[PDB]
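Novice: First the structure, then my questions, so here it is.
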Amino acid sequence: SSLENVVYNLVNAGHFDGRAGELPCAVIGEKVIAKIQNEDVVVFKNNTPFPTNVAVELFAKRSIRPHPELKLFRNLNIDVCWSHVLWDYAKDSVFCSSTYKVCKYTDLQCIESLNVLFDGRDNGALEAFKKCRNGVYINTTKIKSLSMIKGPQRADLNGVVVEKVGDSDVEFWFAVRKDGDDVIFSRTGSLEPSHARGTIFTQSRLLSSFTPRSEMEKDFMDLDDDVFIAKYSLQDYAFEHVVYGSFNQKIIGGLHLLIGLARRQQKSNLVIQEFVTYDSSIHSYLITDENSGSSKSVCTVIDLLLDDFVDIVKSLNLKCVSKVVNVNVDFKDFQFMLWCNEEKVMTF
Amino acid sequence: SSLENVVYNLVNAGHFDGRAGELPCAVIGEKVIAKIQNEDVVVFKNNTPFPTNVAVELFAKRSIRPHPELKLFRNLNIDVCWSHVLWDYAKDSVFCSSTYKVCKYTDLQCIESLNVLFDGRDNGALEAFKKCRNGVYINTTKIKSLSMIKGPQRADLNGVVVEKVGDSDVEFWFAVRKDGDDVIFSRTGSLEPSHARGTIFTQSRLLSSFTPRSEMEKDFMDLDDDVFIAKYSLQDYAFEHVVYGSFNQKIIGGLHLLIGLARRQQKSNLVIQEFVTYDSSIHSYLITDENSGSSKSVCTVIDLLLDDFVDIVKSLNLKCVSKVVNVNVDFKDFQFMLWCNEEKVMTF
Amino acid sequence: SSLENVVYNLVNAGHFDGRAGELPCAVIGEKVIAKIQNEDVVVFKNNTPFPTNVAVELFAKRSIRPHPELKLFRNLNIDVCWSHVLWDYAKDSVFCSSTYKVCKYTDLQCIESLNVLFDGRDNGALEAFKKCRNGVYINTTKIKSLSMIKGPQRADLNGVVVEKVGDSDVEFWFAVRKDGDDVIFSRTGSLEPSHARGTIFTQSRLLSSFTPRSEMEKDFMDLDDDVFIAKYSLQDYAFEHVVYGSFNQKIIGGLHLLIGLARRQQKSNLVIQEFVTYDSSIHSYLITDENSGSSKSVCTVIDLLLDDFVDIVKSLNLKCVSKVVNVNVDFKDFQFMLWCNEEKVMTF
Amino acid sequence: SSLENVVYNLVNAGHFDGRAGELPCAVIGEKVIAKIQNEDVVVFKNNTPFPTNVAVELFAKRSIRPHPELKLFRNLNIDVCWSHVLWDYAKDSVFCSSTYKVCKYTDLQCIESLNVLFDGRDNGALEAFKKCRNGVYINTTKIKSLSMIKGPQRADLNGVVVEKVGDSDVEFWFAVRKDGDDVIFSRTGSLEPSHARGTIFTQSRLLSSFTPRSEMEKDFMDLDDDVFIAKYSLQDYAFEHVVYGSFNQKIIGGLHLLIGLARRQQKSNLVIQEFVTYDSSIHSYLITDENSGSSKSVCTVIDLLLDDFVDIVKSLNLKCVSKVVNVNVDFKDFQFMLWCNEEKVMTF
Amino acid sequence: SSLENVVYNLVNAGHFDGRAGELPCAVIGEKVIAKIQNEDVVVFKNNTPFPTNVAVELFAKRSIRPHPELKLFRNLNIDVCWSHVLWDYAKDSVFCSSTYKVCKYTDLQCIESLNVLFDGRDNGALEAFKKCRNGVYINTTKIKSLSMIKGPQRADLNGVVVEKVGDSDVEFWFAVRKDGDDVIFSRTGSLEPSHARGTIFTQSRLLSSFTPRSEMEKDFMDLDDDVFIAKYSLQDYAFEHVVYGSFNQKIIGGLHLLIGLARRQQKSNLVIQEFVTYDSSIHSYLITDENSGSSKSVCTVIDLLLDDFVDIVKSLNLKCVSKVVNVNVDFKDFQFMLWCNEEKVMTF
C-alpha cells in the first residue's frame with residue numbers, strides 16, 4: 001500500500017479498507033498533508049518512533065474492532081501481533097515496536113522465538129498459533145478444543161474502554177503456548193509458583209470520569225472515613241493511609257488505590273504527572289495535592305474494585321513484619337510490600 | 001549525566017535522583033524514545049529552544065520542591081539559577097535561557113555580572129549569594145542576619161499553585177544584592193522612588209477554576225452589578241467599565257481584572273488567546289466574548305484580590321485628567337493609566 | 001504517481017518511466033530511504049524547498065533530454081515549464097518554483113499571465129504556445145511558420161554542458177510571445193531599445209576544466225602578458241587590469257573575464273565562494289588569491305570567448321568618462337560600467 | 001554504551017574501544033555536536049535511516065579490520081551480522097538494516113531464520129555458526145575441518161579496497177550453511193544448477209583511479225581499437241560496441257565494461273549518475289558523454305579484468321540468436337543477454 | 001539585523017555590509033531559501049549547532065579580513081571574540097560557541113572572566129583589551145607601548161592559508177592579559193615553565209597540495225630514504241619509522257610528520273579519516289595505506305618544516321629511555337613521547 005492510497009483510505013474510510021484511489025500528499029516533519037479540494041490539510045501527526053509516512057500507514061491499518069486492553073498483553077509479554085496492528089491511544093502510537101504481515105517497511109522477517117499474539121478473528125490465526133513456539137491466541141468465543149482462561153469483561157474499542165459490545169457483554173478467552181507446548185489451565189490453583197488464581201482484574205477507570213461500581217465504592221465516595229471504616233469493619237487495615245491517603249506532610253502518605261484519588265478529587269485538585277504513558281495495571285505517578293501542597297515523586301497507583309481490595313487485605317493475617325505478598329492481577333504476579341502498617345504496590 | 005542515565009532516572013524516579021542505570025534511547029526530532037520492556041515509548045516531547053537530548057536532561061533535573069512563583073523572579077530580573085533549574089509548566093520549558101552548575105552543555109562559564117537566584121535549600125547557596133555582585137537569595141525561614149522582605153503566601157509546586165505545603169502556610173523570604181551591596185529593607189516606605197510598599201501581590205488564579213477569596217469577591221460573583229456597587233459604595237469608580245466590562249460595541253470596554261472575566265464566564269463564553277505564555281503579574285490577551293461577539297486585541301488583565309483593587313482606587317483622589325499612577329505589584333512598579341474615567345494597567 | 005511507484009521508477013530506470021511497481025519507502029528529514037533486497041538505502045537527498053516526498057517525485061520526472069542552458073531561460077524570465085520539469089544540477093533543485101501538468105501537489109491551477117516555456121518535443125506544446133499570453137517555445141528544428149531566433153550551440157544534458165548531441169551540433173531555435181502577440185525577429189538590429197544583436201553568448205566553461213576555444217585564447221594562456229597584448233594590438237584596452245587582474249593590493253583589481261581566472265589558476269590557487277549558485281550569464285564571486293593573499297568581495301565574472309570580448313572593447317571609442325555600455329549577452333541586455341580605464345560587468 | 005561515552009570514544013579513539021569517559025553532547029537533526037575544549041564541533045552527520053544518536057553509536061562500533069567486500073555478502077544475501085557491524089562507506093551508512101548483539105536499540109531479538117554472517121575473528125563466531133540454520137562464516141585462514149571456498153584477494157579496509165593487508169596478500173575463506181546443513185564445496189563443477197565455477201570475481205576499481213592490471217588491459221588503454229582487436233584476435237566479438245562503446249547516436253551503444261569507460265575518460269569526460277549507491281558486482285548508471293553529447297538511461301557496467309571478459313566471450317560459440325548466458329561472478333549467477341551481436345549484463 | 005536583511009546582504013555583498021534591503025526567505029530544516037527573481041534558491045546550509053536563521057546571520061557577519069590561523073587561538077584558549085565573529089571553514093561553522101556584541105540571539109551578557117580575543121582593527125578593541133581580565137589582542141603592526149610576541153607569517157583569509165596579503169608578508173603581533181595583568185614577553189627563555197621559546201610554528205599545509213618549503217624538504221621528496229638520511233647525517237634519529245613510516249605490518253609504524261604522509265602519497269594512496277575536524281597544531285587520524293593494506297587508529301600527525309623537526313631531534317641527546325620532551329609549537333607546550341627509538345607527538 002502506497003502513501004497516497006493509504007491517505008486516500010484514511011480520509012474516506014477512517015482506516016485502511018483496501019479501496020483504490022489516491023490523494024496528493026506531502027510529508028513535512030511529523031505532519032502528513034493531504035490536498036483535499038485544492039486545500040492543504042494535516043491529516044496525521046506523527047508521535048511514533050517510525051518515519052512519518054510509515055506511521056500514517058500503521059495508524060490507518062490499526063485495528064478498529066474491540067480487543068483486550070493492552071495492559072494484559074504487556075503482562076503476557078507480547079512482542080508482535082500476527083497480521084494486524086494494535087493502536088495504543090493512551091500512548092498515541094502503535095503497541096508493538098514491530099509488525100508481521102502488515103507493513104512492508106516494518107515487518108520482521110523472523111518471529112520464530114518472539115511471543116506472538118494471534119487474534120481468532122483473523123483468517124489463519126488459529127493454525128498459525130498452533131504452529132508457533134511462543135504465543136497467545138484470543139477469541140470472543142470459548143473454544144472447547146483449546147485450554148483457555150477467560151479475561152475480564154471489558155475491551156479497548158478505538159481507545160474507549162467498554163464493558164459491552166453491541167450492547168452485549170464483552171467476552172475474551174485466552175490460550176497460551178510457551179516453548180512449543182500448550183499451557184494447560186485448570187479451574188483451581190495459582191497461575192504462577194512461589195517467587196493468584198488469575199481472577200483479579202483492574203477496573204480501567206479514569207480519574208476524570210471515575211464512577212463507583214458497587215455499593216461499597218458508593219459508600220466510600222459518600223460517607224466520611226470514620227463512617228465507612230466501621231460499616232465494613234476495616235479496623236486494623238489502615239485505610240486512612242493506604243486508601244484515603246494523608247496530606248498533612250510534605251510527602252503524601254499512602255494513596256495507592258485509584259478510588260482513593262477519586263475521593264480526594266472531590267474536595268482537592270490532584271495533579272498527576274506520568275512519565276511512561278501507556279495502559280498498565282499499576283501506574284507510577286508524581287502526585288501533587290493542591291489544597292495541602294503535599295506531594296510524592298513515585299506514587300504507585302492501581303485501580304482495583306474496592307470490594308476486591310478489601311478481600312485481599314482480609315486474606316492477609318498481617319502478623320508478620322516486612323512481608324512481600326504476591327497478588328496476581330491482570331494475569332500477572334505483582335509484589336505488594338506489606339509492613340504491618342502499610343500495603344503498597346511495588347514498582348515492577 | 002548521560003542521556004541513557006537521565007532517561008533511566010526520568011522513567012524510574014520521575015526526575016534525576018543520581019541513581020545508576022541505563023535505558024536504550026532514541027532521539028527523533030523533539031521526541032525522546034525509550035525502549036521499555038522491548039517496547040518503544042515517547043517519554044519526552046521537546047518544546048524548548050534546546051537540543052532534544054539536552055532538554056530532557058534539564059526537565060529531569062527540574063526542581064520538584066515548592067518555590068516562589070516565577071512571575072516574581074521575572075519581576076526581579078533573574079538571569080540564571082545557581083545550581084538548580086526551574087521548570088516553567090505554563091511555558092512548558094525551563095525558566096532561564098541558561099544554567100549554572102547544572103548541565104555541562106548549557107552551563108555558563110561566567111555569571112559574575114548576571115542576576116543570580118540562590119535558593120537557601122541548596123548547600124552553599126548562602127555563601128555563594130554573599131559573594132555575588134547581583135542576586136536574590138530565598139529561604140523558607142526568616143534569617144535574622146540578613147535584611148529580607150517576605151513574599152506572598154503561595155508557591156509553584158510542580159506547576160501547581162498552592163497556598164500551603166504539607167498543609168502548612170507557604171512562607172518565602174527574599175534577600176537581594178545589587179552591585180556588590182545588600183539591599184536594606186525597612187518596614188515602611190516605597191520599594192522604588194518616583195518614576196508601592198511591595199505588599200500588593202497578584203492572586204494567581206486561573207479562569208477555568210476561579211474561586212472568590214473574600215466576602216466581597218463572593219458578592220461580586222453573586223449579586224447584580226447595581227447591588228454590588230451600592231453595597232460597597234463604589235459610586236464614582238466606574239466599575240461597570242474597568243471591572244465588569246462592557247460588551248455592547250465591537251471593541252470590549254474595560255475588563256482589566258481577572259475576577260471580572262470570571263464573572264462574565266458565568267453567562268458568556270470568553271475565549272482567550274495569549275501570545276507570550278508564561279507566569280506574569282499582568283497578562284496581555286486577545287479576548288473574544290461569545291454572546292455579544294465583541295472583542296479586543298490587547299486587553300491587559302491582572303488578578304488582584306478585589307478587596308485590594310478597591311483600596312487602590314479609593315486611595316486615588318481622581319480629580320486629575322491623564323494620570324499615570326504607579327502601583328507596586330509582586331515586587332515591581334507597574335504603571336496604571338488613569339483617565340478620570342478609566343483605570344487600566346498599561347503594557348510594560 | 002505515488003511515492004512507492006516514483007521510487008520504484010527512480011531505482012530501476014533512473015527517472016520516471018510510467019512503469020508499474022513499488023518499493024517500500026521511508027521519508028526521514030530530507031532523506032528518502034528505499035528497502036532494496038531487505039536492505040535500507042538512501043536514494044534521494046532533498047536540497048529543494050519542497051517537501052521531501054514531493055522533491056523526489058520532481059527529480060524523478062526531471063527532463064533527461066538535452067535543452068538550452070538554464071541561464072537563457074532566466075534571462076527570458078521563464079516562470080514555469082509547460083508539462084515538463086527542468087532540473088538545475090548546479091542548484092541541485094528544480095529550475096522553476098512551480099510546475100504545470102507535472103505534479104499534483106505542486107501544479108499551479110492558473111498560469112495565464114505567467115511566462116511559460118513550451119518545448120516543441122512535448123505533444124501539444126506548439127498549440128499550447130500559440131494560445132498563451134506570454135511564453136517561449138523552443139525546438140531543435142527551425143520552423144518556417146514561426147518567427148524564431150537561434151540560440152548558441154550548446155545544451156544542458158543531465159547537467160553536462162555539451163556542444164554536440166549524438167555527435168551532431170546542438171541546435172535550438174527560440175520563438176517568443178508577449179501580451180498575446182508574437183515577437184517578430186529580423187536579421188538585423190538590436191533586440192532591445194536604448195535603456196545588442198542578440199548574437200553574443202557566454203561559453204559555459206568551468207574553472208576546473210577551462211579549455212581555450214580559439215588561437216587567441218590559446219595564446220592568452222601560453223604567452224606572457226606583454227607578448228599577448230602586442231600580438232593582438234590591445235594597447236589602450238587595459239587588459240592588465242580587466243582581464244589579467246592585479247594582485248598587488250589588498251583588493252584584487254579587475255579580473256572580470258573567466259579565462260583570466262583560468263590563467264591565474266596556472267600559477268596561483270584561486271578560491272571562489274558563490275552565494276547564489278545556479279547557471280547565470282554573469283557570476284558574482286567572493287574571490288581569494290592564494291599566492292598574493294589579495295581578495296575582492298563582489299567580483300563579477302563573465303565567460304566570454306576572448307575573441308568576442310576584444311571585439312566588444314574595440315567597438316568602443318573610449319573617449320568618454322563614466323560610460324555605461326549595454327551589451328546583449330545570452331538574449332539579455334547587461335550594462336557594463338566603462339570608465340576610460342576599466343570595463344567591468346555590473347551587478348544586475 | 002551511552003551517547004556521551006560513545007562520542008568520547010569516537011573523539012579519542014576513532015571508534016568504540018570500550019574505554020570510560022564522557023563528552024557533553026547535543027543532537028540536532030542529523031548532527032551530533034560535542035563540546036570539546038568549551039567549543040562546539042560536529043563529530044557526526046547522520047545519513048542513515050536510524051535515529052541520529054543511534055547512528056553515531058553504530059558508526060563508532062563499525063568494524064575497522066579488513067573484511068570481504070560488501071558486494072559479496074549482498075550476493076550471498078546476508079541479513080545481519082553476528083556481534084559486529086559493517087560500515088558501507090560508499091553508502092555512507094551501515095550495511096545491514098538490523099544488528100545482533102551490538103546495539104541495544106537496534107538489536108533483533110530473533111535471527112533464527114535470517115542469513116547470518118559470522119566472522120571467525122570474533123570469539124564464539126564458529127560455534128554460533130555451526131548452530132545456525134542459515135549463515136556464512138569467514139576466516140582469514142583455511143580451516144581443514146570445514147568445507148570452504150576462497151574469495152578473491154581483495155578486502156574492504158575502512159572503505160579502502162586493498163589487495164594486501166600488512167603488505168601480505170589478502171586471504172578470505174568462506175563456509176556456508178542453509179536450512180541446517182553445511183554446503184559442501186568441491187574443486188570442480190558450477191556453484192548453481194541451470195536457471196559458473198565461482199572463480200570469476202570483479203576487480204573493484206574506481207573510474208577516477210582506474211589502473212590496468214594486465215598487459216592486455218595496458219594495451220587496451222594505449223593501442224588504437226583496430227590495433228588492439230587484431231593483436232588479440234577479437235574479430236567477431238564486437239568489442240567496438242560492447243567494450244569500446246559507440247558515441248555517434250543520441251543513445252550510447254554498448255559500454256558495459258568498466259575499463260571501457262576508463263578508456264573513454266582519456267579523451268572525453270563521462271559523467272555518471274547512480275541511484276542505488278552501494279558496493280555491487282554490476283552497476284546501473286545514467287551515463288552522459290561530454291564530447292559527443294550522447295547518453296543512456298540504464299547502462300549496466302561491470303568491472304571484470306579484460307582478460308577474464310575475453311575468456312568468457314571466447315567460450316561462447318555465438319551461433320545462437322537471443323541467448324541468455326549465465327555467468328557466476330562474485331559467487332552469484334548473473335544472466336548476460338547475448339544477441340549474436342551484443343553481450344550485455346542484464347539488470348538483476 | 002533581520003533575517004530578510006541578512007539574506008539580502010549575503011546575496012548582494014557576500015557578507016553583512018549593513019546595507020538596507022530585503023529578500024523574501026524561507027527556513028526549512030538547515031536550509032535558508034531566498035526568492036530571487038521569482039525563483040527559490042538555497043543560499044545557506046546550516047552545519048552549525050545554532051538555529052538555522054541564527055546561523056546564516058553569523059555566517060554573513062563572518063570576518064572577511066585576514067587573521068591568525070584558528071589553531072593559535074585554540075592554543076591560547078580563546079573563549080569568545082570581541083565585536084566580531086570568526087568563521088572556521090574547515091569546521092564549516094563559527095569558531096567560538098558564543099558571541100559578544102555581534103548577534104542579539106547569541107551574544108553573552110557577561111564575559112568578564114572569559115578569555116577574550118580583541119582585534120586591533122576593530123574600533124575600541126585596544127581600550128576594551130586593556131580593561132579586560134583575560135584576553136589576547138592582535139594587531140598587524142607592532143605596538144611599542146605593549147609587550148608583544150610575533151606570530152608566524154601566515155594567515156587565514158576566507159579559509160585560505162596565505163603567506164602574503166596584498167602581496168606583502170603577513171604580520172601579526174600578539175599581546176596577552178591574564179588575571180588583570182599584562183604578560184611580559186622578553187627576547188629569550190621559554191614561554192612556559194617545566195611541566196620552548198615560542199618560535200616553532202606549524203606549516204599549515206594540506207596533503208592534497210603539499211609543497212616542499214626548503215631544499216631539505218625538496219630532497220626528502222625526491223631522494224631515496226637511504227640517500228636522504230646520509231646527506232643530512234640523520235643516522236641514529238630513526239627517520240625510517242617516525243618520518244617515513246613503515247607499512248609492513250597490520251599497524252602502520254611511525255608516520256607522525258605531515259611531509260612523510262606527503263611522500264607516501266607519491267606512490268601509495270593514503271586515506272585519512274578525521275573525527276574532530278577543525279584547524280589544530282596536532283591532528284589525530286585513522287590512517288589507511290592502500291598499497292600495503294596497513295593502518296593505524298590514532299595516528300598523531302604534525303606539519304613541521306622538516307628543517308625544524310631535525311633541529312628538534314638533534315637537540316635531544318637521546319640517551320634516556322621513556323622521555324617526555326616538551327616542545328612549544330604555535331605558542332603551546334605539547335609533550336612528545338620519546339623512547340630511545342621513537343619520537344611521536346602525544347594526544348593532548
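By order of appearance in the C-alpha cells: chains A, B, ..., then residues from 1 within every chain, and ligands from 1 in the order shown.
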I need the contact residues of chain D against chain B, so if you could list those with any atom within 10 Å, counting only C-alpha atoms, and return them as a ChimeraX atom specification, that would help.
Specialist: /D:1-5,22-30,33-35,38,40,50-55,103-106,109
Novice: Export N, CA and C atoms of the chosen residues as a compact mmCIF listing (two decimals), in the first residue's frame?
Specialist:
```txt
# COMPACT_ATOMS: atom_id res chain seq x y z
N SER D 1 26.15 1.03 26.05
CA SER D 1 27.02 2.23 25.83
C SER D 1 26.15 3.47 25.61
N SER D 2 26.42 4.51 26.38
CA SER D 2 25.68 5.77 26.29
C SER D 2 26.19 6.70 25.20
N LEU D 3 25.36 7.67 24.84
CA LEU D 3 25.71 8.66 23.83
C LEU D 3 27.04 9.35 24.18
N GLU D 4 27.11 9.92 25.38
CA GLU D 4 28.31 10.62 25.84
C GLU D 4 29.58 9.78 25.81
N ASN D 5 29.46 8.50 26.16
CA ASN D 5 30.61 7.59 26.17
C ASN D 5 31.00 7.24 24.74
N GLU D 22 33.36 10.65 29.16
CA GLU D 22 32.18 11.31 28.61
C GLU D 22 32.46 12.70 28.08
N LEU D 23 31.76 13.05 27.01
CA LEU D 23 31.89 14.36 26.39
C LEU D 23 30.48 14.94 26.30
N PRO D 24 30.30 16.21 26.72
CA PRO D 24 28.95 16.78 26.64
C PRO D 24 28.55 16.77 25.16
N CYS D 25 27.32 16.34 24.88
CA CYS D 25 26.82 16.26 23.50
C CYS D 25 25.46 16.90 23.29
N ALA D 26 25.17 17.16 22.02
CA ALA D 26 23.90 17.72 21.62
C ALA D 26 23.55 17.07 20.29
N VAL D 27 22.31 16.61 20.16
CA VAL D 27 21.85 16.02 18.92
C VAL D 27 20.93 17.06 18.28
N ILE D 28 21.24 17.45 17.05
CA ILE D 28 20.41 18.43 16.33
C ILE D 28 20.19 17.95 14.90
N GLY D 29 18.99 17.45 14.62
CA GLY D 29 18.70 16.94 13.29
C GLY D 29 19.60 15.74 13.04
N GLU D 30 20.40 15.76 11.98
CA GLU D 30 21.27 14.63 11.73
C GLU D 30 22.69 14.91 12.23
N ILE D 33 26.71 17.01 18.02
CA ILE D 33 27.64 18.06 18.42
C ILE D 33 28.31 17.75 19.75
N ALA D 34 29.64 17.79 19.77
CA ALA D 34 30.36 17.53 21.01
C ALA D 34 31.00 18.82 21.48
N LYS D 35 31.03 19.02 22.79
CA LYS D 35 31.65 20.21 23.35
C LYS D 35 33.08 19.80 23.69
N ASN D 38 35.49 23.56 25.47
CA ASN D 38 34.50 24.63 25.50
C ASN D 38 34.05 25.11 24.12
N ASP D 40 32.06 23.97 20.39
CA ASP D 40 31.10 23.01 19.85
C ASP D 40 31.50 22.58 18.45
N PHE D 50 18.56 5.42 10.66
CA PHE D 50 18.44 5.32 12.12
C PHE D 50 18.39 6.67 12.83
N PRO D 51 17.89 6.68 14.09
CA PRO D 51 17.83 7.94 14.83
C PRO D 51 19.30 8.40 14.95
N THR D 52 19.53 9.70 14.92
CA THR D 52 20.89 10.24 14.96
C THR D 52 21.80 9.71 16.07
N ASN D 53 21.30 9.69 17.31
CA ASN D 53 22.11 9.21 18.43
C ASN D 53 22.42 7.73 18.27
N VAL D 54 21.51 6.99 17.64
CA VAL D 54 21.73 5.56 17.43
C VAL D 54 22.74 5.35 16.29
N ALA D 55 22.66 6.21 15.29
CA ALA D 55 23.55 6.13 14.13
C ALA D 55 25.02 6.35 14.49
N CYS D 103 23.98 -3.37 19.31
CA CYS D 103 23.33 -2.16 19.80
C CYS D 103 21.94 -2.42 20.38
N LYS D 104 21.78 -2.12 21.67
CA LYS D 104 20.52 -2.31 22.39
C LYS D 104 19.28 -1.88 21.63
N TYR D 105 19.27 -0.64 21.14
CA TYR D 105 18.11 -0.12 20.44
C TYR D 105 17.77 -0.78 19.11
N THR D 106 18.78 -1.26 18.39
CA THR D 106 18.55 -1.86 17.08
C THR D 106 18.68 -3.38 16.99
N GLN D 109 15.70 -9.47 18.35
CA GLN D 109 15.54 -10.44 19.42
C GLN D 109 15.69 -11.84 18.83
```
Novice: Might you pull out every residue within 10 Å of residue 189 in chain E, with only C-alpha atoms counted and same-chain residues fewer than 5 positions away left off, and present them as a PyMOL selection string?
Specialist: chain E and resi 196-198
Novice: Would you kindly return, as number ranges by chain, each protein, DNA or RNA residue with an atom no farther than 6 Å from any atom of residue 295 in chain D, considering only C-alpha atoms and excluding same-chain residues fewer than 5 positions away?
Specialist: D: 251-252, 287-288
Novice: Tell me, as a list in words, which residues lie within 12 Å of residue 145 in chain D, counting only C-alpha atoms; anything in the same chain fewer than 5 positions away does not count.
Specialist: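 The contact residues come out as residues 126, 130, 175, 182 and 184 of chain D.
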Novice: Could you save the residues just selected, with N, CA and C atoms, as a tab-separated table (two decimals), in the first residue's frame?
Specialist:
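Contents of the output file out_1.tsv:
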```
chain	number	residue	atom	x	y	z
D	126	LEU	N	32.51	-19.20	15.38
D	126	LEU	CA	32.44	-20.52	14.77
D	126	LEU	C	31.38	-21.40	15.44
D	130	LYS	N	28.07	-22.91	13.55
D	130	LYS	CA	27.75	-24.33	13.48
D	130	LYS	C	26.37	-24.65	14.03
D	175	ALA	N	32.59	-20.33	4.37
D	175	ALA	CA	31.87	-21.55	4.69
D	175	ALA	C	30.40	-21.14	4.73
D	182	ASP	N	25.45	-27.98	6.11
D	182	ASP	CA	26.64	-27.36	5.56
D	182	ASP	C	26.65	-27.51	4.05
D	184	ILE	N	28.52	-28.25	0.87
D	184	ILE	CA	29.75	-28.96	0.55
D	184	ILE	C	30.35	-28.50	-0.78
```
Novice: Based on the backbone DSSP call, show me all residues of range 39-197 of chain E assigned strand (DSSP E), as an MDAnalysis selection string.
Specialist: chainID E and resid 39:45 80:81 87:88 93:94 116:119 135:139 149:150 155:157 160:162 164:165 168:169 173:178 181:182
Novice: Mind dumping the selected residues with N, CA and C atoms as a short mmCIF file (atom, residue, chain, number, x, y, z; two decimals), in the first residue's frame?
Specialist:
```
data_model
loop_
_atom_site.label_atom_id
_atom_site.label_comp_id
_atom_site.auth_asym_id
_atom_site.auth_seq_id
_atom_site.Cartn_x
_atom_site.Cartn_y
_atom_site.Cartn_z
N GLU E 39 12.32 33.00 -8.25
CA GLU E 39 12.86 31.64 -8.20
C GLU E 39 13.34 31.37 -6.77
N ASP E 40 13.20 30.13 -6.31
CA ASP E 40 13.65 29.78 -4.96
C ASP E 40 15.02 29.12 -5.00
N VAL E 41 15.97 29.69 -4.26
CA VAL E 41 17.32 29.16 -4.24
C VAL E 41 17.89 29.04 -2.83
N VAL E 42 18.55 27.92 -2.56
CA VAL E 42 19.17 27.69 -1.26
C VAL E 42 20.46 28.52 -1.21
N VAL E 43 20.51 29.48 -0.30
CA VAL E 43 21.68 30.34 -0.16
C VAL E 43 22.55 29.98 1.04
N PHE E 44 22.05 29.12 1.92
CA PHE E 44 22.80 28.71 3.11
C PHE E 44 22.35 27.35 3.64
N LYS E 45 23.33 26.55 4.04
CA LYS E 45 23.10 25.20 4.57
C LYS E 45 23.75 25.18 5.96
N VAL E 80 35.78 33.70 23.44
CA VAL E 80 34.85 34.49 22.65
C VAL E 80 35.57 35.64 21.98
N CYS E 81 35.03 36.09 20.85
CA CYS E 81 35.63 37.21 20.11
C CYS E 81 34.88 38.49 20.43
N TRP E 87 34.84 32.70 11.21
CA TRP E 87 34.27 31.52 10.60
C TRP E 87 35.38 30.50 10.37
N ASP E 88 35.13 29.28 10.82
CA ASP E 88 36.06 28.18 10.68
C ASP E 88 35.63 27.36 9.47
N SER E 93 31.62 26.05 10.44
CA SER E 93 30.80 26.67 11.47
C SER E 93 31.61 27.80 12.06
N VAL E 94 31.03 28.48 13.03
CA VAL E 94 31.70 29.58 13.71
C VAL E 94 32.76 28.99 14.63
N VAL E 116 39.00 36.66 26.22
CA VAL E 116 38.52 37.40 25.05
C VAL E 116 39.57 37.82 24.01
N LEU E 117 39.26 37.58 22.74
CA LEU E 117 40.13 37.96 21.62
C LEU E 117 39.72 39.34 21.11
N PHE E 118 40.66 40.27 21.14
CA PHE E 118 40.42 41.63 20.68
C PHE E 118 41.29 41.86 19.44
N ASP E 119 40.67 42.25 18.33
CA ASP E 119 41.41 42.50 17.10
C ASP E 119 41.62 44.01 16.95
N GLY E 135 42.55 38.08 28.21
CA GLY E 135 42.36 38.26 26.79
C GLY E 135 43.63 38.26 25.96
N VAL E 136 43.44 38.34 24.65
CA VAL E 136 44.54 38.38 23.69
C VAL E 136 44.19 39.50 22.72
N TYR E 137 45.16 40.35 22.42
CA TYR E 137 44.96 41.45 21.49
C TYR E 137 45.93 41.23 20.33
N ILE E 138 45.42 41.30 19.10
CA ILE E 138 46.29 41.11 17.94
C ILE E 138 46.26 42.36 17.08
N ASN E 139 47.35 42.63 16.39
CA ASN E 139 47.42 43.78 15.52
C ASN E 139 48.41 43.43 14.41
N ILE E 149 54.42 39.54 21.23
CA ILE E 149 55.21 38.47 20.63
C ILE E 149 54.64 38.25 19.23
N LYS E 150 55.52 38.05 18.26
CA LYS E 150 55.10 37.86 16.87
C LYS E 150 54.63 36.44 16.54
N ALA E 155 48.32 33.62 7.43
CA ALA E 155 47.01 33.97 7.93
C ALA E 155 45.92 33.17 7.25
N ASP E 156 44.75 33.19 7.87
CA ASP E 156 43.54 32.54 7.37
C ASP E 156 42.78 33.68 6.71
N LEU E 157 42.57 33.60 5.40
CA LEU E 157 41.82 34.62 4.65
C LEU E 157 40.71 33.90 3.91
N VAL E 160 41.40 30.41 3.30
CA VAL E 160 42.60 30.11 2.54
C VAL E 160 43.83 30.50 3.35
N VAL E 161 44.81 29.60 3.41
CA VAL E 161 46.04 29.86 4.15
C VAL E 161 46.95 30.62 3.21
N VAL E 162 47.26 31.86 3.57
CA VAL E 162 48.12 32.69 2.74
C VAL E 162 49.35 33.15 3.52
N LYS E 164 51.11 35.79 2.24
CA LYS E 164 51.17 37.20 1.92
C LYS E 164 49.75 37.73 1.91
N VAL E 165 49.63 39.04 2.00
CA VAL E 165 48.36 39.75 1.98
C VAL E 165 48.66 40.95 1.11
N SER E 168 52.12 41.34 0.27
CA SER E 168 53.06 41.76 1.31
C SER E 168 53.07 40.68 2.39
N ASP E 169 54.22 40.47 3.02
CA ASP E 169 54.30 39.44 4.05
C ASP E 169 53.26 39.63 5.14
N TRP E 173 51.06 40.50 15.47
CA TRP E 173 51.67 40.60 16.78
C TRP E 173 50.62 40.28 17.85
N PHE E 174 51.07 39.62 18.91
CA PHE E 174 50.19 39.20 19.99
C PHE E 174 50.48 39.81 21.36
N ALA E 175 49.44 40.31 22.03
CA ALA E 175 49.58 40.85 23.37
C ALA E 175 48.61 40.02 24.21
N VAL E 176 48.99 39.70 25.45
CA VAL E 176 48.12 38.88 26.29
C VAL E 176 47.94 39.40 27.72
N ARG E 177 46.76 39.18 28.27
CA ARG E 177 46.46 39.56 29.64
C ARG E 177 45.86 38.35 30.36
N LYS E 178 46.24 38.18 31.63
CA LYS E 178 45.73 37.08 32.45
C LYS E 178 45.54 37.58 33.87
N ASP E 181 46.55 41.20 34.64
CA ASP E 181 47.90 41.70 34.38
C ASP E 181 48.42 41.37 32.99
N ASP E 182 49.22 42.28 32.45
CA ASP E 182 49.80 42.08 31.13
C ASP E 182 50.89 41.03 31.21
#
```
Novice: Would you kindly return, as a list in words, each protein, DNA or RNA residue with an atom no farther than 9 Å from any atom of residue 273 in chain D, considering only C-alpha atoms and excluding same-chain residues fewer than 2 positions away?
Specialist: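 After dropping sequence-adjacent residues, the list is residues 14 and 158 of chain C; 271, 275, 284, 285, 286, 287 and 288 of chain D.
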Novice: Counting only C-alpha atoms, which of D:207, D:283, D:277, D:333 gets nearest to residue 91 in chain D?
Specialist: D:277
